[PDB]
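As structure tokens, one chain now follows by itself in the form deposited in one PDB entry.
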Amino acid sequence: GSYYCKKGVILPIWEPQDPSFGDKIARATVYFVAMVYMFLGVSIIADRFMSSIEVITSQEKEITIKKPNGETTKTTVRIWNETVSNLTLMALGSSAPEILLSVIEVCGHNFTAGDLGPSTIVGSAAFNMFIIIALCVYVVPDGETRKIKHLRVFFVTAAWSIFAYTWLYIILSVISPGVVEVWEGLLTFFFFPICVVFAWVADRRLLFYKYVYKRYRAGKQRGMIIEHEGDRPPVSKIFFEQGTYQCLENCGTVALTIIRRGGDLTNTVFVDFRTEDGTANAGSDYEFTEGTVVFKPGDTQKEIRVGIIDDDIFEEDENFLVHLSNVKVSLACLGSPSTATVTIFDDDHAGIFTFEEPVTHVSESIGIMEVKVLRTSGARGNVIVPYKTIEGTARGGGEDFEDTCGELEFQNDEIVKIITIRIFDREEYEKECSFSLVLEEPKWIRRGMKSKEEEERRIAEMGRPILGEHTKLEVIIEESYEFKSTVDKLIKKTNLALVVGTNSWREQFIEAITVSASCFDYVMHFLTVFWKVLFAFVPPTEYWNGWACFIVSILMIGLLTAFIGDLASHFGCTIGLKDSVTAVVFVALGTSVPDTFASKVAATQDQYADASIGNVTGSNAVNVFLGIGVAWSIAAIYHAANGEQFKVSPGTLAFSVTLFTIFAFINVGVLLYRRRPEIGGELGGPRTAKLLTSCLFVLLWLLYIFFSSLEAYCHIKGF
């Protein structure tokens, strides 16, 4: 015999209270078994609580599907919007126990500091932050990562979560060392509105900044669909070899080849060559050229060059003739076709302007659709092309798609330009629609200024921006792909033959026979038979559109956590174990089982890993802030109404807080893997990381509980 007892909230003190060790243990192990059994109860209840705080804070869209048989199906289906708020309204629900327990203790035990609220708060904080993270690391698929994306806000969230626990040390040890004074404790609650407004503004901030791709997945509820962030998915005749030459104006200089064939090649030949205007004009289009071409002993051909003048005047097709004469053998002669009609192509304009196609099919998922134009027959000169959006099958005006029009200038020598437009994510299953993107006449710009020589100049000027064929784009609005696939999967699986005559209060009861009418499941649920049956009676499903379970399951959590508080109070200090220890060791691992499942499924199911850690951070923040706020606010106010100090214990907690903060800094540190870019993403992919970081975190949690227990044993620690 080492410890006496304290009267509970519901349960009374065990009658003899001090038998031999033959009974100082049996009642203790009975207590422990009843406690783990109530922990299973609380697990199932908080499961239902989360699954009914998710029906509220969610939108339902109506979907109709035309069956090929000749009829259709019209049914509304919820789509849980996964904002940042919808993770701080389920990091809270999932942490409903560790708050209410704290509320009961101080009320139950005569408005005095019952040291099983802070101990369980810190114990569950360390347990989650060191073990749920290990699971989020080593429960992902065999090899793959879901590395965090919004690392920009994790710093703030984690620095808040760790400012929370080192604030307990602040309230009761540094401003007043042993008192939760009246003014403090009030802000411990008011700091929760800080978090809620932070969520309620930093969701909108990152909502419109991101039209990012919203992947869809199947919630484990009846018909919930969860949206989240993802990525997007024998005479030597001499003559021209060719009597006609083709070349472009931009070349300037062009080459002509003149071949001697047959006869005696050893004779040096001198042949006069000279150019003459055909349709060409010297000094404006090309330069007149003349001279002598010399063939060495043994040559077969020679090359000459003539200059061609290029300008910004888009002239018509044009040519001029080069002629040869005066063949001298110093057997050989001037070959036939000794004149080359060099013909030229002018390209000094822009010309044809046409769209890609007149019709395209684009899903609403893109949101910002980016389609191009195309130029043909040159690009010189500047243009100003109007682009108009005209409504179609659906009604535009920035309702189904952002309908705006206007004008875009195409700079000189720019072949390709791409115009954008914005598109709504109406967030609904539909079919195709249509809209139009007609083009009209651009405005031409040449040189900034805007007898036959001038008339031919205008005959050249005719080259201007003329529209091509494709001048109006009727885009087709399509259906989001993943959304279609997910709703198809769900309809093929569930949500069939539904009407509210009797949905659950008659059918939440069938689980007994529905599950026990292979051999593993038997013993897997002969401990939950009672719990499930007792949990189908009182929290009936969402008849009140979400609030038909959240107004009851909270009361049942109150009942079960009253049982937990009383039994943990009467088990600790019965075997002799200090009351605080069994929080950090025993109660914490059972009050926070829902969190583990929530984070685990979030990690293994989505594509990122910020919700799975957002859960941990939100739970750690709300536990401490809300729990101590309400419990110690009411305690301090009660002692204020008649003038007392509320002398909470400074010690027995400070060491745990400081140790947790040190270990939490180590956590946040090693979270960013050493050499991370080739030690994989956040969760998985590297065998060594995935398989040893988890063991490190488990060792850290083990050291935490071990040293909390040691400090409670001997207390000789430096604090």
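Definition used throughout: the rigid core is the maximal C-alpha set that superposes within 1.5 Å between two forms. Each residue number is its position in the shown sequence, starting from 1.
The following text describes the form deposited in another entry, which does not appear among the structures shown.
Undergrad: At a threshold of 2 angstroms on the CA positions, core aligned, which residue out of 219, 614, 590, 463 shifts between this form and the one not shown?
TA: Comparing the C-alpha positions, the one residue that moves 2 Å or more is 463.
Undergrad: For residue 32, is the CA shift between this form and the one not shown at least 2 Å following rigid-core superposition?
TA: No: residue 32 shifts by under 2 Å between this form and the one not shown.
Undergrad: Does superposing the core leave residue 566 with a CA shift of 2 Å or more between this form and the one not shown?
TA: It does not, since the residue 566 C-alpha is displaced less than 2 Å between this form and the one not shown after the core fit.
Undergrad: Following rigid core alignment, is the displacement of the residue 665 C-alpha between this form and the one not shown equal to or greater than 2 angstroms?
TA: No, residue 665 moves less than 2 Å.
Undergrad: Given a CA distance change of at least 3 Å, are residue 149 and residue 210 closer or farther in the other entry?
TA: Pair moves farther apart in the other entry.
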